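Comments concern the structure below.
2 protein chains.
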Amino acid sequence: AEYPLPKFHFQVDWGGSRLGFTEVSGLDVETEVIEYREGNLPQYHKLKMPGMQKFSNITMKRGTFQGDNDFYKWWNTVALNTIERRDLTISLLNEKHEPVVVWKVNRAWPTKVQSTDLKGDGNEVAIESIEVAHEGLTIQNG
Amino acid sequence: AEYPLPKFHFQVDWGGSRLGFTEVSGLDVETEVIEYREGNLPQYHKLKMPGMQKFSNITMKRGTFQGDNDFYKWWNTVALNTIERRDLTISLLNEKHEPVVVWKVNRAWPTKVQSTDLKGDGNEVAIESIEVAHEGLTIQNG
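Protein chains in written order, with the working numbering: chain A, 5 to 146; chain B, 5 to 146.
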């Protein structure tokens, strides 16, 4: 309550079987600026007012396990213009595992899935990524 | 020699005070073609010979200054079918501030004057234009 929070203890509800994600990025909101000026205004710069909103895609990365094929499962539910949409919840936890900051996403479906690359000299774990589109985002703190 | 001349150092004598313009275009001469063929000619295309002459109107553009109302002054000297006609001289200058190519224009009077347009978002100088009719043109080089 008095200390600033760290950024390494979180969880994601995505209607998937397993949990334990490595990276989650892309949480933004924006509004466009509209500008205006008429000829007789004594200042020689413009006036500004709000416009339309814009939201970003969300990226998630996790490690690969035997028997788990969930990213592909969700991506592959796509017909011509129909797909299975889900509600997404992201929460940041503190030392006593209590949800402190919550991000609520609306109508999210997977737009991209990327698998790992194979290197004969690579001493690292295999990681996979998913990219998701949505129609809304909301922040709740305290 | 082996090098030609550039196109950005010139002057205009027109009867007004200022002697600097930003654009001068319209310097042309032409003759019509007359065609002829009789029935028994062994070639099946026509013969060509010179006809009447034709000259073009001349356009000049310059920037706007406080206190200078000369284009309008010249245009506004028009009675029913009488107007003040002037001799026009255009010269392309050299390094020694002298003339190399001279265009002499005979019996010129202004047929059109256009002022600038006003834009609340325009970051440019205001420019005005004049269009002139004449009864002759002559070129002198060297």
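All C-beta atoms, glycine included, are put in the ideal place defined by N, C-alpha and C.
Helix, strand or coil for residue i? Go by DSSP, reduced to three states.
{"i": "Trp107/B", "result": "strand"}
{"i": "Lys11/A", "result": "coil"}
{"i": "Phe59/B", "result": "strand"}
{"i": "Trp79/B", "result": "helix"}
{"i": "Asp17/A", "result": "strand"}
{"i": "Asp74/B", "result": "helix"}
{"i": "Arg90/A", "result": "strand"}
{"i": "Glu27/B", "result": "strand"}
{"i": "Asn127/B", "result": "coil"}
{"i": "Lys52/A", "result": "strand"}
{"i": "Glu36/A", "result": "strand"}
{"i": "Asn85/B", "result": "coil"}
{"i": "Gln144/B", "result": "strand"}
{"i": "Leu97/A", "result": "strand"}
Roughly how far, in whole angstroms, is the beta-carbon of residue i from the beta-carbon of residue j, given that I think they are within contact range, below 8 Å?
{"i": "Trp107/A", "j": "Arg89/A", "result": "Contact flag wrong, Cβ pair sits at about 17 Å."}
{"i": "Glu102/A", "j": "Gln118/A", "result": "With a Cβ gap of about 33 Å, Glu102/A and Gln118/A do not count as contacting."}
{"i": "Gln15/A", "j": "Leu141/A", "result": "With a Cβ gap of about 17 Å, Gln15/A and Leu141/A do not count as contacting."}
Less than 7 Å between the C-beta atoms of residue i and residue j, yes or no?
{"i": "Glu36/B", "j": "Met56/B", "result": "yes"}
{"i": "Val28/A", "j": "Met64/A", "result": "yes"}
{"i": "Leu84/B", "j": "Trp18/B", "result": "no"}
{"i": "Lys52/B", "j": "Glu39/B", "result": "yes"}
{"i": "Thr26/A", "j": "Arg66/A", "result": "yes"}
{"i": "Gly24/A", "j": "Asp74/A", "result": "no"}
List the DSSP bridge partners of residue i.
{"i": "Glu132/B", "result": "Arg66/B"}
{"i": "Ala137/B", "result": "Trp113/B"}
{"i": "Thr120/A", "result": "Looking at the DSSP assignment, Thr120/A forms no beta bridge with any residue, so it has no partner."}
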